[PDB]
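Just the one chain here, the form deposited without this ligand, laid out as structure tokens.
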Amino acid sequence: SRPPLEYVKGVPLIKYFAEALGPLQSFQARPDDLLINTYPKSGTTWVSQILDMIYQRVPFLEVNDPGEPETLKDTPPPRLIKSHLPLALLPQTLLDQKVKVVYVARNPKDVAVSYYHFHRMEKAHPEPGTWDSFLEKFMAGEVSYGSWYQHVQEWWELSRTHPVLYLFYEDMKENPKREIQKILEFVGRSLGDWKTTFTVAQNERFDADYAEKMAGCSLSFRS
């Protein structure tokens, strides 16, 4: 009915995800688990689909389909877990057991455009309004799952002290092969569309804002 955003630990999320975040502190991560984590519209379903094939159900860590089965605890190892949850809301057990994570970072501008269209289709998400109204929220991190900047930067820093395979969405499009190899060697197994949406005014305001938030952060998204 296009409900407002509910904050959990200072991070905005849609009501349904916040509820499911309550019984999350009762999850126990196995040392052999594998987590696929990316900001919304950044390759979660893509990577999960690939890893799903290598192992041969990739459950969302923060979802609860009312009336249906929690099921991961009842699942045979090695388990595959997918989530869009930021490091700030990620179950502590995952970081404790040093579980391997496959993270994917996508171009900010492409994510904003895709997340916008997703907000229009998904009627349970808050009203995105105009493209300009939305872009303003995205930059202010006032969207479900919070700031893309924090989400993307925190997992980058964590990758320096934790088993995280930091991948880039662009590289999966331009060369799927070599990226699937990285994923295989990690788990230890073997086998500009935004330009038509962003106005020059919006793009300049974004680049200036991006230049400062990303100040002091080795991240680089070559074009």
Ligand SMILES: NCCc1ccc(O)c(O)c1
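Only residues modelled in both forms are compared. Rigid core here is just the name for the largest C-alpha set that superposes within 1.5 Å across the two forms. Counting begins at 1, following the sequence as shown.
There is another form of this protein, the form deposited with this ligand bound, and it is not shown here; the text below is about that form.
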query	finding
Contacting member of 185, 174, 32, 65, with respect to this ligand in the deposited complex [4.5 Å, heavy atom]	65
Interface membership of residue 60, this ligand in the deposited complex, 4.5 Å heavy atom rule	yes
4.5 Å heavy atom contact, residue 140 and this ligand in the deposited complex	no
Non-hydrogen atom contact residue 122 with this ligand in the deposited complex at 4.5 angstroms	yes
Interface membership of residue 131, this ligand in the deposited complex, 4.5 Å heavy atom rule	no
Proximity to this ligand in the deposited complex (heavy atom, within 4.5 Å), stretch among 122 to 130, 148 to 156, 95 to 103, 71 to 79	122 to 130
Of 45, 159, 181, 64, the one whose Cα moves 2 Å or more between the shown form and the other one after core superposition	64
Core superposition between the shown form and the other one, C-alpha change of residue 75 at least 2 Å	yes
Displacement runs between the shown form and the other one, C-alpha, 2 Å or more, three or more consecutive residues, core aligned	64 to 69, 73 to 76
